[PDB]
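Visitor: Below is the file protein.cif, with mmCIF, C-alpha atoms.
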```
data_target
#
loop_
_atom_site.label_atom_id
_atom_site.label_comp_id
_atom_site.auth_asym_id
_atom_site.auth_seq_id
_atom_site.Cartn_x
_atom_site.Cartn_y
_atom_site.Cartn_z
CA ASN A 1 -60.98 -25.30 30.23
CA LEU A 2 -58.40 -26.16 27.59
CA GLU A 3 -61.56 -25.93 25.41
CA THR A 4 -61.48 -22.14 25.80
CA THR A 5 -57.81 -21.15 26.34
CA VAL A 6 -56.21 -23.30 23.56
CA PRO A 7 -58.45 -22.05 20.76
CA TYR A 8 -57.16 -18.54 21.62
CA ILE A 9 -53.68 -19.81 20.85
CA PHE A 10 -54.89 -21.59 17.73
CA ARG A 11 -56.75 -18.51 16.39
CA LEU A 12 -53.61 -16.45 16.67
CA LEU A 13 -51.37 -19.12 15.06
CA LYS A 14 -53.89 -19.26 12.16
CA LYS A 15 -53.91 -15.44 11.74
CA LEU A 16 -50.19 -14.73 12.18
CA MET A 17 -48.62 -17.93 10.68
CA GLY A 18 -50.88 -19.73 8.19
CA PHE A 19 -51.30 -22.89 10.22
CA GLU A 20 -54.62 -24.66 9.51
CA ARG A 21 -56.62 -27.43 11.19
CA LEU A 22 -54.80 -27.16 14.51
CA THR A 23 -55.67 -30.24 16.68
CA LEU A 24 -55.00 -30.94 20.35
CA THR A 25 -55.58 -34.50 21.53
CA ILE A 26 -55.33 -35.54 25.16
CA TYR A 27 -55.12 -39.01 26.64
CA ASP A 28 -58.46 -40.55 27.87
CA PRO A 29 -57.80 -43.31 30.47
CA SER A 30 -61.20 -44.82 29.95
CA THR A 31 -60.76 -45.61 26.24
CA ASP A 32 -56.96 -45.67 26.36
CA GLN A 33 -56.66 -43.37 23.37
CA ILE A 34 -55.68 -39.76 22.99
CA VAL A 35 -58.97 -38.04 22.20
CA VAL A 36 -59.59 -34.68 20.36
CA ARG A 37 -59.72 -31.94 23.06
CA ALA A 38 -59.88 -28.72 21.04
CA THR A 39 -59.50 -27.82 17.38
CA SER A 40 -59.11 -24.62 15.38
CA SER A 41 -62.77 -24.59 14.30
CA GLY A 42 -66.38 -24.30 15.59
CA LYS A 43 -66.79 -28.02 16.18
CA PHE A 44 -64.71 -30.73 17.97
CA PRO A 45 -65.49 -34.26 16.80
CA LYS A 46 -64.39 -36.52 19.66
CA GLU A 47 -62.27 -38.88 17.52
CA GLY A 48 -59.40 -40.79 19.25
CA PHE A 49 -56.13 -42.48 18.33
CA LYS A 50 -54.70 -45.68 19.80
CA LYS A 51 -50.90 -45.97 20.13
CA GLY A 52 -49.42 -46.48 16.70
CA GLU A 53 -52.65 -45.56 14.89
CA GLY A 54 -51.99 -43.18 12.01
CA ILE A 55 -49.31 -40.48 12.13
CA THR A 56 -50.86 -38.95 15.28
CA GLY A 57 -50.76 -42.32 17.05
CA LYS A 58 -47.13 -42.91 16.01
CA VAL A 59 -46.00 -39.57 17.44
CA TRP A 60 -47.82 -40.70 20.62
CA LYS A 61 -46.18 -44.20 20.65
CA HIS A 62 -42.58 -43.12 19.77
CA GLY A 63 -42.58 -39.63 21.48
CA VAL A 64 -40.90 -37.99 18.45
CA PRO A 65 -42.34 -35.38 16.02
CA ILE A 66 -43.22 -36.47 12.45
CA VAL A 67 -43.32 -34.15 9.45
CA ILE A 68 -45.34 -35.15 6.39
CA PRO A 69 -44.16 -32.89 3.60
CA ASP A 70 -47.17 -33.71 1.39
CA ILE A 71 -50.19 -35.43 2.81
CA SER A 72 -51.32 -36.73 -0.62
CA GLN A 73 -48.07 -38.74 -0.72
CA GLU A 74 -48.27 -40.62 2.61
CA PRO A 75 -50.86 -43.47 2.96
CA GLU A 76 -50.18 -43.85 6.67
CA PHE A 77 -52.04 -40.53 6.93
CA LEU A 78 -55.54 -41.40 8.03
CA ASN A 79 -57.38 -38.04 7.57
CA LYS A 80 -59.56 -39.11 10.54
CA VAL A 81 -60.60 -35.85 12.20
CA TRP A 82 -60.89 -33.34 9.40
CA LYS A 83 -61.79 -35.47 6.40
CA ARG A 84 -60.20 -32.92 3.98
CA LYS A 85 -60.56 -32.96 0.21
CA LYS A 86 -58.61 -31.77 -2.87
CA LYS A 87 -52.87 -28.26 -3.16
CA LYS A 88 -49.52 -29.30 -1.67
CA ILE A 89 -50.27 -29.46 2.04
CA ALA A 90 -47.88 -30.42 4.83
CA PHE A 91 -48.62 -31.93 8.20
CA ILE A 92 -46.78 -31.67 11.46
CA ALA A 93 -47.52 -33.50 14.66
CA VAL A 94 -45.58 -32.91 17.89
CA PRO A 95 -45.71 -34.79 21.23
CA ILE A 96 -47.10 -33.00 24.38
CA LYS A 97 -44.89 -34.13 27.32
CA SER A 98 -45.77 -33.66 31.03
CA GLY A 99 -44.69 -35.68 34.08
CA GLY A 100 -41.98 -36.79 31.70
CA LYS A 101 -44.55 -38.82 29.75
CA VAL A 102 -46.53 -38.19 26.53
CA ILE A 103 -49.96 -36.95 27.65
CA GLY A 104 -51.14 -36.30 24.08
CA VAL A 105 -50.42 -34.65 20.72
CA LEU A 106 -50.56 -31.29 18.95
CA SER A 107 -50.76 -31.04 15.12
CA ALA A 108 -51.39 -28.54 12.32
CA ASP A 109 -51.48 -28.29 8.49
CA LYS A 110 -49.34 -25.82 6.56
CA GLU A 111 -49.11 -24.89 2.88
CA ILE A 112 -45.39 -24.66 2.57
CA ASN A 113 -43.66 -21.50 1.28
CA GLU A 114 -40.48 -21.88 -0.68
CA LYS A 115 -38.75 -19.54 1.76
CA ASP A 116 -39.89 -21.37 4.92
CA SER A 117 -38.72 -24.64 6.42
CA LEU A 118 -40.77 -27.35 8.10
CA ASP A 119 -37.99 -27.99 10.62
CA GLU A 120 -38.52 -24.47 11.87
CA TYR A 121 -42.29 -24.91 12.03
CA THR A 122 -41.90 -28.20 13.83
CA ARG A 123 -39.60 -26.66 16.43
CA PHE A 124 -42.07 -23.80 16.88
CA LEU A 125 -45.04 -26.09 17.44
CA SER A 126 -42.90 -28.05 19.96
CA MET A 127 -42.59 -24.70 21.71
CA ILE A 128 -46.35 -24.21 21.64
CA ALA A 129 -46.77 -27.82 22.88
CA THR A 130 -44.64 -26.75 25.87
CA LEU A 131 -46.95 -23.83 26.59
CA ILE A 132 -49.93 -26.17 26.57
CA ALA A 133 -48.44 -28.83 28.86
CA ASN A 134 -48.12 -25.94 31.37
CA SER A 135 -51.93 -25.55 31.47
CA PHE A 136 -51.86 -29.26 32.19
CA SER A 137 -50.55 -28.64 35.71
CA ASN B 1 -29.80 -20.68 31.59
CA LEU B 2 -32.43 -18.32 30.20
CA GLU B 3 -29.32 -17.06 28.33
CA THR B 4 -29.42 -20.18 26.16
CA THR B 5 -33.08 -21.30 26.00
CA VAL B 6 -34.72 -17.88 25.33
CA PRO B 7 -32.55 -16.98 22.34
CA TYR B 8 -33.85 -20.21 20.73
CA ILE B 9 -37.33 -18.78 21.05
CA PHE B 10 -36.17 -15.38 19.82
CA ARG B 11 -34.36 -16.83 16.75
CA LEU B 12 -37.51 -18.59 15.69
CA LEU B 13 -39.76 -15.53 16.26
CA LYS B 14 -37.30 -13.52 14.10
CA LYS B 15 -37.31 -16.14 11.29
CA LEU B 16 -41.03 -17.00 11.23
CA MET B 17 -42.61 -13.61 12.22
CA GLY B 18 -40.38 -10.60 11.46
CA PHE B 19 -39.91 -9.52 15.05
CA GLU B 20 -36.58 -7.70 15.60
CA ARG B 21 -34.52 -6.68 18.64
CA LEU B 22 -36.29 -9.06 21.02
CA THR B 23 -35.35 -8.13 24.66
CA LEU B 24 -35.94 -10.01 27.90
CA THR B 25 -35.31 -8.07 31.11
CA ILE B 26 -35.48 -9.65 34.54
CA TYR B 27 -35.63 -7.99 37.93
CA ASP B 28 -32.26 -7.60 39.80
CA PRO B 29 -32.84 -7.21 43.58
CA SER B 30 -29.44 -5.70 44.11
CA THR B 31 -29.95 -2.68 41.82
CA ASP B 32 -33.75 -2.74 42.02
CA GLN B 33 -34.12 -2.53 38.26
CA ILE B 34 -35.14 -5.03 35.64
CA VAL B 35 -31.88 -5.80 33.85
CA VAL B 36 -31.33 -7.14 30.26
CA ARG B 37 -31.16 -10.98 30.51
CA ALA B 38 -31.06 -12.10 26.88
CA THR B 39 -31.52 -10.40 23.53
CA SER B 40 -31.97 -11.52 19.93
CA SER B 41 -28.34 -10.81 19.02
CA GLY B 42 -24.71 -11.85 19.73
CA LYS B 43 -24.26 -9.41 22.60
CA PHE B 44 -26.28 -8.54 25.76
CA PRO B 45 -25.50 -5.09 27.17
CA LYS B 46 -26.52 -5.25 30.83
CA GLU B 47 -28.67 -2.08 30.79
CA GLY B 48 -31.49 -1.79 33.40
CA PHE B 49 -34.76 0.07 33.88
CA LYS B 50 -36.14 1.53 37.11
CA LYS B 51 -39.93 1.50 37.62
CA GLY B 52 -41.47 4.12 35.39
CA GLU B 53 -38.28 4.62 33.35
CA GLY B 54 -39.02 4.69 29.63
CA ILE B 55 -41.72 2.55 28.01
CA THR B 56 -40.12 -0.66 29.36
CA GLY B 57 -40.15 0.74 32.91
CA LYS B 58 -43.81 1.84 32.58
CA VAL B 59 -44.93 -1.63 31.50
CA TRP B 60 -43.04 -2.84 34.62
CA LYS B 61 -44.65 -0.21 36.95
CA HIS B 62 -48.27 -0.49 35.66
CA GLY B 63 -48.27 -4.24 34.67
CA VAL B 64 -50.02 -3.53 31.34
CA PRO B 65 -48.65 -3.91 27.77
CA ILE B 66 -47.83 -0.75 25.75
CA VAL B 67 -47.82 -0.54 21.97
CA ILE B 68 -45.84 2.22 20.26
CA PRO B 69 -47.10 2.32 16.69
CA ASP B 70 -44.12 4.41 15.50
CA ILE B 71 -41.07 4.80 17.64
CA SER B 72 -39.99 8.04 15.86
CA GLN B 73 -43.23 9.60 17.16
CA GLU B 74 -42.95 8.86 20.91
CA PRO B 75 -40.33 10.81 22.98
CA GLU B 76 -40.93 8.67 26.05
CA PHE B 77 -39.10 6.00 24.05
CA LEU B 78 -35.56 5.96 25.38
CA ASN B 79 -33.76 3.73 22.80
CA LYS B 80 -31.51 2.63 25.71
CA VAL B 81 -30.47 -0.92 24.82
CA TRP B 82 -30.25 -1.00 21.05
CA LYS B 83 -29.40 2.58 20.15
CA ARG B 84 -31.05 2.21 16.68
CA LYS B 85 -30.77 4.71 13.84
CA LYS B 86 -32.79 5.79 10.77
CA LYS B 87 -38.56 3.29 8.38
CA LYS B 88 -41.87 3.07 10.25
CA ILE B 89 -41.05 0.78 13.16
CA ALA B 90 -43.38 -0.33 15.95
CA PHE B 91 -42.55 -1.37 19.47
CA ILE B 92 -44.33 -3.71 21.81
CA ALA B 93 -43.51 -4.41 25.41
CA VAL B 94 -45.39 -6.97 27.52
CA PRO B 95 -45.18 -7.73 31.27
CA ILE B 96 -43.74 -11.13 32.46
CA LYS B 97 -45.88 -12.21 35.46
CA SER B 98 -44.93 -14.97 37.95
CA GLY B 99 -45.94 -15.44 41.60
CA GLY B 100 -48.69 -13.07 40.58
CA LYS B 101 -46.14 -10.24 40.37
CA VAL B 102 -44.23 -8.60 37.49
CA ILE B 103 -40.78 -10.24 37.45
CA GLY B 104 -39.68 -8.40 34.30
CA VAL B 105 -40.48 -7.47 30.69
CA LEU B 106 -40.40 -8.86 27.16
CA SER B 107 -40.28 -6.55 24.09
CA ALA B 108 -39.73 -6.61 20.32
CA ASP B 109 -39.71 -4.31 17.26
CA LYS B 110 -41.91 -4.94 14.23
CA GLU B 111 -42.22 -3.23 10.83
CA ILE B 112 -45.95 -3.24 10.53
CA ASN B 113 -47.73 -4.81 7.52
CA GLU B 114 -50.94 -3.26 6.34
CA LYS B 115 -52.65 -6.64 6.70
CA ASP B 116 -51.42 -7.31 10.27
CA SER B 117 -52.54 -5.81 13.56
CA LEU B 118 -50.44 -4.84 16.57
CA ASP B 119 -53.16 -6.02 18.94
CA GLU B 120 -52.63 -9.50 17.59
CA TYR B 121 -48.86 -9.24 17.91
CA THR B 122 -49.18 -7.92 21.44
CA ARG B 123 -51.45 -10.81 22.45
CA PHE B 124 -48.99 -13.25 20.87
CA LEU B 125 -45.99 -11.86 22.73
CA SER B 126 -48.06 -12.03 25.96
CA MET B 127 -48.37 -15.71 25.11
CA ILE B 128 -44.61 -16.02 24.66
CA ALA B 129 -44.14 -14.08 27.95
CA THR B 130 -46.22 -16.85 29.56
CA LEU B 131 -43.92 -19.52 28.16
CA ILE B 132 -40.91 -17.71 29.61
CA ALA B 133 -42.35 -17.20 33.10
CA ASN B 134 -42.64 -21.03 33.13
CA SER B 135 -38.82 -21.36 32.87
CA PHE B 136 -38.86 -19.02 35.84
CA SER B 137 -40.10 -21.80 38.13
#
```
Let me see the structure of the file written as structure tokens.

Guide:
Amino acid sequence: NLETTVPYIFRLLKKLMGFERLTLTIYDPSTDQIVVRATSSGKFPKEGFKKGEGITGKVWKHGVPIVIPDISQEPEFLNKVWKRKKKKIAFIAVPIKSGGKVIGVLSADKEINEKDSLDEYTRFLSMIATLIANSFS
Amino acid sequence: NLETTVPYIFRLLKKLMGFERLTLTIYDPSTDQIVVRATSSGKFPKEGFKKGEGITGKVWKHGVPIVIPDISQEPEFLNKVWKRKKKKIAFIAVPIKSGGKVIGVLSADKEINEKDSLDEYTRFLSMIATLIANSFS
């Protein structure tokens, strides 16, 4: 039921904080990829990432967050789940750790305000990732 | 060590969301009151609330959040920890539940924007309260 309780978190983070395209991926043993579990919209395409595949897969492989300040300017950015098109949008992907291992990945887009910092957003999302790993137990 | 890990949460909620005077109180068996554990500032006065005492104590007694849209307009508001003085400030206090009981109370001030709603803030803080009860175990 992460399909019902995480989009409550996502809805709120969209309304209060200007996050967009929030994506939760969880590890699938069968396909050995972290697979889309819930997103911030009305439809979850069940796309997956192998270790090291795109930004999302690298966060999974190396267990460390990655900030893309402008998605237009990083070709390692696959655009696999949301197939976006056309301003200066940032991307942040944090690891979800449980059992002291990386069980999957949370991410979000953000149009960056001059007065905000992506380090602060990243740390926040790592805090939300914590709250989600708790469900996972 | 909630004295070190919760003010990291509070600092971020101040920076990203305009919360002020964030207060965590935890139950003290010895005095039978929920006592200030951490706040959003450089100094924690160790004030406590008995069940039913002020807004904070009522949230504790009845295990249900309470929103004060304007603190100037509610006399049940004690102003016990922060002794504030002098705009139109809102107050929100949510229960912290663990072991299926109320172990204490989280609260925060907020100058309310026309385009924001206090129901959404309240639900958010209840989400943060969740994240804190997890520390508590």

Visitor: Could you tell me which of B:64, B:71, B:22, B:9 comes closest to chain A if we count only C-alpha atoms?

Guide: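 Of B:64, B:71, B:22, B:9, the one nearest chain A, counting only C-alpha atoms, is B:9.
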
Visitor: Which residues fall under the PyMOL selection byres ((chain A and resi 122) around 12) in this file, as a PyMOL selection string?

Guide: (chain A and resi 19+64-69+90-95+106-110+116-121+123-129) or (chain B and resi 12+16)

Visitor: Keeping only C-alpha atoms, write the selected residues as a compact mmCIF listing (two decimals), in the frame of the given file.

Guide:
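The resulting selection_36.txt:
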```txt
# COMPACT_ATOMS: atom_id res chain seq x y z
CA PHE A 19 -51.30 -22.89 10.22
CA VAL A 64 -40.90 -37.99 18.45
CA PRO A 65 -42.34 -35.38 16.02
CA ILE A 66 -43.22 -36.47 12.45
CA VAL A 67 -43.32 -34.15 9.45
CA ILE A 68 -45.34 -35.15 6.39
CA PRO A 69 -44.16 -32.89 3.60
CA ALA A 90 -47.88 -30.42 4.83
CA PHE A 91 -48.62 -31.93 8.20
CA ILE A 92 -46.78 -31.67 11.46
CA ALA A 93 -47.52 -33.50 14.66
CA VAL A 94 -45.58 -32.91 17.89
CA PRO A 95 -45.71 -34.79 21.23
CA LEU A 106 -50.56 -31.29 18.95
CA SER A 107 -50.76 -31.04 15.12
CA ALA A 108 -51.39 -28.54 12.32
CA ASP A 109 -51.48 -28.29 8.49
CA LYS A 110 -49.34 -25.82 6.56
CA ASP A 116 -39.89 -21.37 4.92
CA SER A 117 -38.72 -24.64 6.42
CA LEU A 118 -40.77 -27.35 8.10
CA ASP A 119 -37.99 -27.99 10.62
CA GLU A 120 -38.52 -24.47 11.87
CA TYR A 121 -42.29 -24.91 12.03
CA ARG A 123 -39.60 -26.66 16.43
CA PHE A 124 -42.07 -23.80 16.88
CA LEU A 125 -45.04 -26.09 17.44
CA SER A 126 -42.90 -28.05 19.96
CA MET A 127 -42.59 -24.70 21.71
CA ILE A 128 -46.35 -24.21 21.64
CA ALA A 129 -46.77 -27.82 22.88
CA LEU B 12 -37.51 -18.59 15.69
CA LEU B 16 -41.03 -17.00 11.23
```

Visitor: May I ask which of the residues B:50, B:32, B:40, B:136 is the closest one to residue 10 (chain B), counting all atoms listed in the file?

Guide: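 Among B:50, B:32, B:40, B:136, it is B:40 that comes nearest to residue 10 (chain B).
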
Visitor: Is it possible to see chain B as a PDB file with C-alpha atoms, in the coordinates of the input, once it has been laid onto chain A by a least-squares fit on every C-alpha atom in order?

Guide:
```pdb
ATOM      1  CA  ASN B   1     -60.984 -25.299  30.232  1.00  0.00           C
ATOM      2  CA  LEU B   2     -58.400 -26.161  27.587  1.00  0.00           C
ATOM      3  CA  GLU B   3     -61.556 -25.920  25.410  1.00  0.00           C
ATOM      4  CA  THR B   4     -61.477 -22.139  25.799  1.00  0.00           C
ATOM      5  CA  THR B   5     -57.812 -21.158  26.335  1.00  0.00           C
ATOM      6  CA  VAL B   6     -56.211 -23.301  23.564  1.00  0.00           C
ATOM      7  CA  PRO B   7     -58.448 -22.050  20.754  1.00  0.00           C
ATOM      8  CA  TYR B   8     -57.156 -18.542  21.615  1.00  0.00           C
ATOM      9  CA  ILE B   9     -53.681 -19.808  20.855  1.00  0.00           C
ATOM     10  CA  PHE B  10     -54.891 -21.592  17.729  1.00  0.00           C
ATOM     11  CA  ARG B  11     -56.751 -18.504  16.384  1.00  0.00           C
ATOM     12  CA  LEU B  12     -53.610 -16.455  16.666  1.00  0.00           C
ATOM     13  CA  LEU B  13     -51.372 -19.129  15.057  1.00  0.00           C
ATOM     14  CA  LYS B  14     -53.889 -19.262  12.159  1.00  0.00           C
ATOM     15  CA  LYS B  15     -53.916 -15.444  11.738  1.00  0.00           C
ATOM     16  CA  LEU B  16     -50.192 -14.725  12.179  1.00  0.00           C
ATOM     17  CA  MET B  17     -48.618 -17.928  10.686  1.00  0.00           C
ATOM     18  CA  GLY B  18     -50.885 -19.731   8.192  1.00  0.00           C
ATOM     19  CA  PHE B  19     -51.291 -22.894  10.217  1.00  0.00           C
ATOM     20  CA  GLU B  20     -54.622 -24.658   9.514  1.00  0.00           C
ATOM     21  CA  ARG B  21     -56.628 -27.429  11.193  1.00  0.00           C
ATOM     22  CA  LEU B  22     -54.793 -27.164  14.514  1.00  0.00           C
ATOM     23  CA  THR B  23     -55.667 -30.250  16.684  1.00  0.00           C
ATOM     24  CA  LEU B  24     -54.998 -30.934  20.354  1.00  0.00           C
ATOM     25  CA  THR B  25     -55.578 -34.503  21.533  1.00  0.00           C
ATOM     26  CA  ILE B  26     -55.328 -35.541  25.159  1.00  0.00           C
ATOM     27  CA  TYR B  27     -55.122 -39.009  26.642  1.00  0.00           C
ATOM     28  CA  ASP B  28     -58.457 -40.550  27.873  1.00  0.00           C
ATOM     29  CA  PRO B  29     -57.804 -43.306  30.471  1.00  0.00           C
ATOM     30  CA  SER B  30     -61.204 -44.822  29.956  1.00  0.00           C
ATOM     31  CA  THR B  31     -60.762 -45.614  26.240  1.00  0.00           C
ATOM     32  CA  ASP B  32     -56.958 -45.670  26.355  1.00  0.00           C
ATOM     33  CA  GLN B  33     -56.666 -43.374  23.362  1.00  0.00           C
ATOM     34  CA  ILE B  34     -55.680 -39.763  22.986  1.00  0.00           C
ATOM     35  CA  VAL B  35     -58.969 -38.036  22.198  1.00  0.00           C
ATOM     36  CA  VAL B  36     -59.581 -34.683  20.362  1.00  0.00           C
ATOM     37  CA  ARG B  37     -59.718 -31.937  23.060  1.00  0.00           C
ATOM     38  CA  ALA B  38     -59.882 -28.721  21.041  1.00  0.00           C
ATOM     39  CA  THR B  39     -59.502 -27.821  17.385  1.00  0.00           C
ATOM     40  CA  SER B  40     -59.116 -24.621  15.379  1.00  0.00           C
ATOM     41  CA  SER B  41     -62.769 -24.592  14.299  1.00  0.00           C
ATOM     42  CA  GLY B  42     -66.376 -24.294  15.588  1.00  0.00           C
ATOM     43  CA  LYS B  43     -66.786 -28.019  16.180  1.00  0.00           C
ATOM     44  CA  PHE B  44     -64.710 -30.725  17.966  1.00  0.00           C
ATOM     45  CA  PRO B  45     -65.487 -34.265  16.800  1.00  0.00           C
ATOM     46  CA  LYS B  46     -64.393 -36.523  19.658  1.00  0.00           C
ATOM     47  CA  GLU B  47     -62.267 -38.884  17.517  1.00  0.00           C
ATOM     48  CA  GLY B  48     -59.398 -40.785  19.249  1.00  0.00           C
ATOM     49  CA  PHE B  49     -56.133 -42.483  18.334  1.00  0.00           C
ATOM     50  CA  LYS B  50     -54.699 -45.687  19.802  1.00  0.00           C
ATOM     51  CA  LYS B  51     -50.899 -45.968  20.132  1.00  0.00           C
ATOM     52  CA  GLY B  52     -49.424 -46.488  16.702  1.00  0.00           C
ATOM     53  CA  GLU B  53     -52.658 -45.560  14.894  1.00  0.00           C
ATOM     54  CA  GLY B  54     -51.993 -43.182  12.015  1.00  0.00           C
ATOM     55  CA  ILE B  55     -49.310 -40.483  12.129  1.00  0.00           C
ATOM     56  CA  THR B  56     -50.859 -38.942  15.278  1.00  0.00           C
ATOM     57  CA  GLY B  57     -50.768 -42.318  17.054  1.00  0.00           C
ATOM     58  CA  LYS B  58     -47.124 -42.910  16.013  1.00  0.00           C
ATOM     59  CA  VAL B  59     -46.000 -39.567  17.436  1.00  0.00           C
ATOM     60  CA  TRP B  60     -47.818 -40.698  20.627  1.00  0.00           C
ATOM     61  CA  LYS B  61     -46.181 -44.200  20.645  1.00  0.00           C
ATOM     62  CA  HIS B  62     -42.586 -43.119  19.778  1.00  0.00           C
ATOM     63  CA  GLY B  63     -42.578 -39.631  21.473  1.00  0.00           C
ATOM     64  CA  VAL B  64     -40.901 -37.984  18.452  1.00  0.00           C
ATOM     65  CA  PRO B  65     -42.339 -35.378  16.022  1.00  0.00           C
ATOM     66  CA  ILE B  66     -43.223 -36.462  12.447  1.00  0.00           C
ATOM     67  CA  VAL B  67     -43.310 -34.155   9.446  1.00  0.00           C
ATOM     68  CA  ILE B  68     -45.344 -35.147   6.389  1.00  0.00           C
ATOM     69  CA  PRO B  69     -44.157 -32.885   3.594  1.00  0.00           C
ATOM     70  CA  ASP B  70     -47.175 -33.715   1.388  1.00  0.00           C
ATOM     71  CA  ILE B  71     -50.185 -35.429   2.817  1.00  0.00           C
ATOM     72  CA  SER B  72     -51.324 -36.732  -0.624  1.00  0.00           C
ATOM     73  CA  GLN B  73     -48.070 -38.738  -0.721  1.00  0.00           C
ATOM     74  CA  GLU B  74     -48.270 -40.625   2.609  1.00  0.00           C
ATOM     75  CA  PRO B  75     -50.862 -43.473   2.958  1.00  0.00           C
ATOM     76  CA  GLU B  76     -50.185 -43.849   6.668  1.00  0.00           C
ATOM     77  CA  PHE B  77     -52.035 -40.534   6.931  1.00  0.00           C
ATOM     78  CA  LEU B  78     -55.547 -41.398   8.035  1.00  0.00           C
ATOM     79  CA  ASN B  79     -57.382 -38.038   7.571  1.00  0.00           C
ATOM     80  CA  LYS B  80     -59.565 -39.119  10.538  1.00  0.00           C
ATOM     81  CA  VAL B  81     -60.596 -35.856  12.200  1.00  0.00           C
ATOM     82  CA  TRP B  82     -60.891 -33.338   9.400  1.00  0.00           C
ATOM     83  CA  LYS B  83     -61.785 -35.471   6.400  1.00  0.00           C
ATOM     84  CA  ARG B  84     -60.203 -32.915   3.979  1.00  0.00           C
ATOM     85  CA  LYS B  85     -60.558 -32.960   0.202  1.00  0.00           C
ATOM     86  CA  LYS B  86     -58.608 -31.761  -2.869  1.00  0.00           C
ATOM     87  CA  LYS B  87     -52.869 -28.264  -3.165  1.00  0.00           C
ATOM     88  CA  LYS B  88     -49.520 -29.292  -1.671  1.00  0.00           C
ATOM     89  CA  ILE B  89     -50.265 -29.460   2.044  1.00  0.00           C
ATOM     90  CA  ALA B  90     -47.871 -30.421   4.836  1.00  0.00           C
ATOM     91  CA  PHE B  91     -48.623 -31.935   8.198  1.00  0.00           C
ATOM     92  CA  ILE B  92     -46.779 -31.674  11.462  1.00  0.00           C
ATOM     93  CA  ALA B  93     -47.521 -33.498  14.663  1.00  0.00           C
ATOM     94  CA  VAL B  94     -45.581 -32.920  17.894  1.00  0.00           C
ATOM     95  CA  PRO B  95     -45.710 -34.791  21.235  1.00  0.00           C
ATOM     96  CA  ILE B  96     -47.100 -33.001  24.383  1.00  0.00           C
ATOM     97  CA  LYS B  97     -44.893 -34.123  27.318  1.00  0.00           C
ATOM     98  CA  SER B  98     -45.772 -33.662  31.024  1.00  0.00           C
ATOM     99  CA  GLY B  99     -44.686 -35.679  34.076  1.00  0.00           C
ATOM    100  CA  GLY B 100     -41.974 -36.789  31.702  1.00  0.00           C
ATOM    101  CA  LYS B 101     -44.549 -38.817  29.749  1.00  0.00           C
ATOM    102  CA  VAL B 102     -46.528 -38.196  26.535  1.00  0.00           C
ATOM    103  CA  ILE B 103     -49.966 -36.952  27.643  1.00  0.00           C
ATOM    104  CA  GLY B 104     -51.143 -36.301  24.078  1.00  0.00           C
ATOM    105  CA  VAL B 105     -50.422 -34.645  20.720  1.00  0.00           C
ATOM    106  CA  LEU B 106     -50.563 -31.290  18.953  1.00  0.00           C
ATOM    107  CA  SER B 107     -50.761 -31.039  15.123  1.00  0.00           C
ATOM    108  CA  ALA B 108     -51.386 -28.539  12.316  1.00  0.00           C
ATOM    109  CA  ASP B 109     -51.485 -28.286   8.498  1.00  0.00           C
ATOM    110  CA  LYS B 110     -49.341 -25.816   6.569  1.00  0.00           C
ATOM    111  CA  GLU B 111     -49.112 -24.892   2.871  1.00  0.00           C
ATOM    112  CA  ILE B 112     -45.389 -24.661   2.575  1.00  0.00           C
ATOM    113  CA  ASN B 113     -43.658 -21.495   1.283  1.00  0.00           C
ATOM    114  CA  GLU B 114     -40.484 -21.876  -0.687  1.00  0.00           C
ATOM    115  CA  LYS B 115     -38.742 -19.536   1.757  1.00  0.00           C
ATOM    116  CA  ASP B 116     -39.895 -21.366   4.923  1.00  0.00           C
ATOM    117  CA  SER B 117     -38.721 -24.640   6.416  1.00  0.00           C
ATOM    118  CA  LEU B 118     -40.767 -27.354   8.106  1.00  0.00           C
ATOM    119  CA  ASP B 119     -37.991 -27.985  10.617  1.00  0.00           C
ATOM    120  CA  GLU B 120     -38.523 -24.471  11.874  1.00  0.00           C
ATOM    121  CA  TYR B 121     -42.287 -24.905  12.023  1.00  0.00           C
ATOM    122  CA  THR B 122     -41.906 -28.206  13.830  1.00  0.00           C
ATOM    123  CA  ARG B 123     -39.595 -26.657  16.435  1.00  0.00           C
ATOM    124  CA  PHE B 124     -42.068 -23.795  16.879  1.00  0.00           C
ATOM    125  CA  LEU B 125     -45.041 -26.084  17.441  1.00  0.00           C
ATOM    126  CA  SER B 126     -42.905 -28.047  19.958  1.00  0.00           C
ATOM    127  CA  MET B 127     -42.585 -24.701  21.708  1.00  0.00           C
ATOM    128  CA  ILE B 128     -46.351 -24.200  21.645  1.00  0.00           C
ATOM    129  CA  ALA B 129     -46.769 -27.820  22.882  1.00  0.00           C
ATOM    130  CA  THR B 130     -44.637 -26.755  25.867  1.00  0.00           C
ATOM    131  CA  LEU B 131     -46.945 -23.835  26.594  1.00  0.00           C
ATOM    132  CA  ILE B 132     -49.938 -26.176  26.572  1.00  0.00           C
ATOM    133  CA  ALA B 133     -48.432 -28.828  28.855  1.00  0.00           C
ATOM    134  CA  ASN B 134     -48.114 -25.942  31.370  1.00  0.00           C
ATOM    135  CA  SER B 135     -51.936 -25.551  31.465  1.00  0.00           C
ATOM    136  CA  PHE B 136     -51.853 -29.261  32.188  1.00  0.00           C
ATOM    137  CA  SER B 137     -50.547 -28.638  35.712  1.00  0.00           C
TER     138      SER B 137
END
```

Visitor: For residue 89 (chain B), which residue out of B:55, B:112, B:26, B:35 is the nearest one, using only C-alpha atoms?

Guide: B:112

Visitor: How big is the axis-aligned box around the listed atoms of region 82-96 of chain A once 6 Å is added on each side, and where is its centre? Give both in Å to one decimal, as AutoDock Vina command-line options.

Guide:
```
--center_x -53.7 --center_y -31.9 --center_z 10.6 --size_x 28.2 --size_y 19.2 --size_z 39.5
```

Visitor: Given the choices B:17, B:59, B:78, B:2, which gets closest to residue 39 (chain B) if the distance is worked out from all atoms listed in the file?

Guide: B:2
